[PDB]
Amino acid sequence: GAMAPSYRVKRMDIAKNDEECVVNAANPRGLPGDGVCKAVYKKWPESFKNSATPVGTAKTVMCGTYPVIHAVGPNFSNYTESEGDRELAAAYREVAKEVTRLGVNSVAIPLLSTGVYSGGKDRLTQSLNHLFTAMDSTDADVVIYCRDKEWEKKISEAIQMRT
Ligand SMILES: [Cl-]
Ligand SMILES: [Cl-]
Ligand SMILES: [Cl-]
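Residues numbered from 1 in each chain as written, not as in the entry; some residues may be left out. Chains lettered and ligands numbered in written order. Heavy atoms only, no water.

- Per the PDB record, the structure was determined using X-ray crystallography to 1.32 Å resolution.

1. Notes on the side chain of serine 127
Line of reasoning, step 1. Tracing the chain through its elements places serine 127 in helix α3 (residues 124-135).
Line of reasoning, step 2. Among the residues examined, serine 127 registers a relative accessible area of 0% and is labelled buried.
Line of reasoning, step 3. Sequence-distant contacts of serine 127, defined by excluding residues within four places in its chain, comprise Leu88, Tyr92, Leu111, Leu112 and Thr114. (Helix = DSSP H or I, 4+ residues; strand = E, 2+ residues; numbered from the N terminus. Buried < 20%, exposed > 50% of the residue type's maximum accessible area, 1.4 Å probe, protein only. Contact = heavy atoms within 4.5 Å.)

2. Concerning the packing of aromatic side chains
Line of reasoning, step 1. Inspection of the entire model under this criterion finds 3 aromatic pairs.
Line of reasoning, step 2. Relative to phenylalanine 48, the ring of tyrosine 41 has its centre 5.1 Å away and its plane inclined at 85°; by these criteria the two rings are edge-to-face.
Line of reasoning, step 3. Judged by its relative accessible area of 32%, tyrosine 41 falls in the partly exposed class.
Line of reasoning, step 4. Owing to a relative accessible area of 11%, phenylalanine 48 belongs among the buried residues under this scheme.
Line of reasoning, step 5. Taking 5.3 Å as the distance between ring centres and 10° as the angle between the ring planes, the aromatic pair formed by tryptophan 44 and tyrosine 66 counts as stacked. With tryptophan 44 in the loop between α1 (36-43) and β3 (58-63) and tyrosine 66 in strand β4 (residues 66-71), this residue pair connects regions lying 22 residues apart in the sequence.
Line of reasoning, step 6. Of note, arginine 123 hangs over the ring of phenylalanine 76, and the distance from its end group to the ring centre comes to 3.7 Å. (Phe/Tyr/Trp six-rings, centres within 6.5 Å; stacked < 30°, edge-to-face > 60°. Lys NZ or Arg CZ within 6 Å of the ring centre and 35° of its normal.)

3. A look at the pairing of strand β6 (residues 141-146)
Line of reasoning, step 1. In terms of burial, β6 is largely enclosed, as 5 of its 6 residues are buried.
Line of reasoning, step 2. As paired strands, strand β1 (residues 7-11) and β6 are joined by 5 bridges and run parallel to one another. Its bridge partner being in β6, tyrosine 7 is matched across the sheet by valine 142.
Line of reasoning, step 3. In this sheet, β6 lies alongside strand β5 (residues 106-110) in parallel orientation, the contact comprising 5 bridges. Bridge assignment links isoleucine 109 to a residue of β6, and that residue is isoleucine 144. (Pairing = 2+ DSSP bridges.)

4. Examining the state of the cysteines
Line of reasoning, step 1. Taken as a whole and judged by the stated rule, the model has 0 disulfides.
Line of reasoning, step 2. The closest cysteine sulfur to the non-disulfide-bonded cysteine 37 is located on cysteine 63, 14 Å from its own sulfur.
Line of reasoning, step 3. Residue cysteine 146 stays outside any disulfide, its sulfur separated by 18 Å from that of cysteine 37, the closest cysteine.
Line of reasoning, step 4. Residue classification places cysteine 146 among the buried residues on the basis of a relative accessible area of 8%. (Disulfide = S-S within 2.5 Å.)

5. Here's the deal with the side chain of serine 118
Line of reasoning, step 1. The topology assignment puts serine 118 in the loop between β5 and α3.
Line of reasoning, step 2. A polar side-chain atom of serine 118 sits 3.3 Å from the main-chain amide nitrogen of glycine 120.
Line of reasoning, step 3. Discounting chain neighbours no more than four positions away, the residues touching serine 118 are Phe76, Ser113 and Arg123. (Polar contact = N/O pair within 3.5 Å; in protein donor to acceptor, adjacent residues only side chain to side chain.)

6. Comments concerning the nonpolar core
Line of reasoning, step 1. The biggest cluster of nonpolar side chains holds 32 residues, and the ones touching the most others in it are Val95, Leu111, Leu131, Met135, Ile144 and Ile155.
Line of reasoning, step 2. Contributing elements (two or more residues each) for this core: β1, β4, α2 (81-102), β5, α3, β6 and α4 (149-162).
Line of reasoning, step 3. Of all hydrophobic cores here, the second largest spans 14 residues; its members include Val22, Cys37, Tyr66 and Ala108. (Core = buried A, V, L, I, M, F, W, Y, C linked by side-chain atoms within 4.5 Å.)

Pasting the structure below:
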């Protein structure tokens with residue numbers, strides 16, 4: 001475990017993370033994809049061997065000894081708000097199981113279903129709150145990665161609000 005488990009946020013490419021494992025915002029088919037998924041495919045392509053997994057699940061594949069946790073959030077273009085919200089919560093619960101199983105002291109994690117799976121809606125708060133619900137019972141240091149300057153400020157505010 002971490003000595004004093006924390007949440008932090010950084011605005012940069014998650015492929016450059018300083019943590020013991022990474023969560024990919026994956027598609028269900030284990031394809032290279034776009035956004036975070038394509039950055040992850042370029043950095044850890046070996047981790048895409050048999051990485052296909054259903055919506056609401058996470059599947060870990062090792063790149064050398066470095067664990068890549070493929071977490072499949074729902075595409076809100078296809079899911080109802082109700083069913084999508086359940087699947088997004090479930091994906092983060094499966095991430096927390098994997099992080100615990102792996103014994104890592106830190107994890108890099110993007111906000112699932114906030115990019116091309118958002119169905120055109122701002123889901124920062126929805127996605128971050130499901131992240132916290134899953135990860136609060138873990139003792140890994142969690143580093144959240146984002147790309148937008150306004151999102152960095154809002155995520156940082158949300159973390160600081162609870163401390
Ligand atoms: Cl960067
Ligand atoms: Cl997305
Ligand atoms: Cl972002």
